[PDB]
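Laid out below as structure tokens are two forms of one and the same protein chain, each shown alone and named structure 1 and structure 2.
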Structure 1
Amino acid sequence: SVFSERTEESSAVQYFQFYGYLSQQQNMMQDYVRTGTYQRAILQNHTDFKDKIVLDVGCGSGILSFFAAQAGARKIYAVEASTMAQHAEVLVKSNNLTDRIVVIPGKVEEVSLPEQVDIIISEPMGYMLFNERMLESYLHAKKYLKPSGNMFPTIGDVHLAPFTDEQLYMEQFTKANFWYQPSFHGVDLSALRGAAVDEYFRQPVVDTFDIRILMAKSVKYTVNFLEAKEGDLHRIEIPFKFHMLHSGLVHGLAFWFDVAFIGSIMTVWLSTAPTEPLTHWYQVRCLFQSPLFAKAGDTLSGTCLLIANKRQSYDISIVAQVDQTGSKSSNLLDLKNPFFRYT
């Protein structure tokens, strides 16, 4: 299938074991920003659900399907590939909705749905939006969508901004300098210091931060889920040109995302920006290998190229340069193995 062709088996096994846990479903469900905003977007756009056919992609415990039912949906198809499908079907029974919600265990790329739907709902966003590559399953599901159908979320925006954080940059070398000693219990470890440095810099840093470290208005890359094909997410080239608002050393790029539910009554926004209350997505920061000095008014231009891999994640190639000086830096990171720094 499409899913298996693009996914290494070992990665998929571990992936669906993770989401088979009720504690991980709970982790997502008790994030009020995530769960409250979905519910508010569905109910406030009730005319998009009333007496409609709905598809829920990766329903998990089924919480989003229940919101669709609260909005008057005629029939809801909830697809779930992990063993959580058993629990979702339990809740469908206990909430007396067996005539409205039909749980379908299996992968949305492999299961067989009977009819076309009026709207697809799903919560597939991961770290910097694209991690886990579930947006491709979300877009793949549009084979079941009527031509005049809708998508919730309708659009996703990933935001990129430069940041200064001397502490974070220096932290990488303080850790790596563990290896820079000539007699650790009699052993000279210093030959691995370089490898240890490179290891740390390949890890995106997941945590939050104060917005005062941002040095320029963010640049935005939009994916319209109603127009996009899943092939558009195999290679995502995000050019950026930052108009520096502050002078200082730029240590890397910070990432966050927004999604929007463009309904017939209104549009509702779910944001994970650092100017908003913290969510379980946090934010993501990728360091440059060497910082770049930029004056307020200078332009920092470059590209962020996200290349999908068979581990359900991305390799992140960043290239940046200060146009007015030519000073240039770069980095190559592995989003599948981030460093969780939040405390």
Structure 2
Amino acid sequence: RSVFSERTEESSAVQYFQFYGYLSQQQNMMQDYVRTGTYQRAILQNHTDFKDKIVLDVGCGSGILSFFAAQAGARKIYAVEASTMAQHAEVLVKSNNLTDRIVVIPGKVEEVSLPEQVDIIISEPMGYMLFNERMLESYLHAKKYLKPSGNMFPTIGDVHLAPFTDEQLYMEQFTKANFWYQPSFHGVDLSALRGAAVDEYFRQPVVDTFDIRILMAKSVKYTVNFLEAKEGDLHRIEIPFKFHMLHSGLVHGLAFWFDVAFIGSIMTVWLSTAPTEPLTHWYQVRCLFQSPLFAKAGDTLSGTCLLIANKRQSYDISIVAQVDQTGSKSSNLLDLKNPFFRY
């Protein structure tokens, strides 16, 4: 039984790979110039890491990263993709006269057979909030094909978490559930479901961008080193935090973004999704507290963000947060698989 199928509900995998089979989705991702230009720069400026080397491209989609590795001089690139996009990748490899160097291997990286070990693995394994889609585990799984000296592009990933204040976002989600307070919608009392409705809406992480002035403390960083991490490390991800509050006011939740670094032989190239940086198709992610916490400047906001992988290729998110000085505590559960796209 493949490692992939054992961790993944089939109904989730069918939807997931159908979504990624669409050329329109490829175009959406490729037109992110920050993402595409930073990947090409990371590969081309570290060309010695690719010249005359064997490369594995995990989840290659249309194959763009494999074309970048070929531009950098790779001797051989195995491009693995499990969606039907694999067949379009083959078309581009032929139309670009790279049949001698790029070899598309359709299927899941956990189930294919690669002809040889590789010098470097390249991929775009990052989902929303970094961890969504559980692709990082496939990326890590692929290290079974990596030589001892081998490198990984990207090499590390940093998840950033910071408390924010945004009463408009909070009230927007809060009043959405207010529909269910009605004691007489067309004569029907709906209010018994108001609780369940508010929980539903607040379980959705909010995906959009925000002004960095809504952040109330320096971010906390949590780092995964892809060269050293193992698949199982991502089944349960525990991120403690202790924020030193820089402004007073209501904390409505935690904001999340991530950076990855391509640590090459010639230079390290960073790809950032921080709200201080140009927007990308990852945006940023915010998990709202069902009830905001009040904190004064100089207070400490401490707790834990716990991510439990689930069989729908995503994570159950638990956030418990505490204003230490007063003992005001907030607990929240979020379903990362189904965010609210607000942008």
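Note that the rigid core is defined as the largest set of C-alphas that superpose within 1.5 Å between two forms. All residue numbers here follow the sequence of structure 1, with the first residue given the number 1.
A 2 Å or larger CA shift between structure 1 and structure 2, after fitting on the rigid core, occurs at just one of 188, 110, 115, 237, namely 188. Once the core of the two forms is superposed, the Cα of residue 206 has moved 0.7 Å between structure 1 and structure 2. When the rigid core is fitted, residue 170 shows a C-alpha shift of 1.2 Å between structure 1 and structure 2. After superposition on the rigid core, the Cα atom of residue 179 is displaced by 2.3 Å between structure 1 and structure 2.
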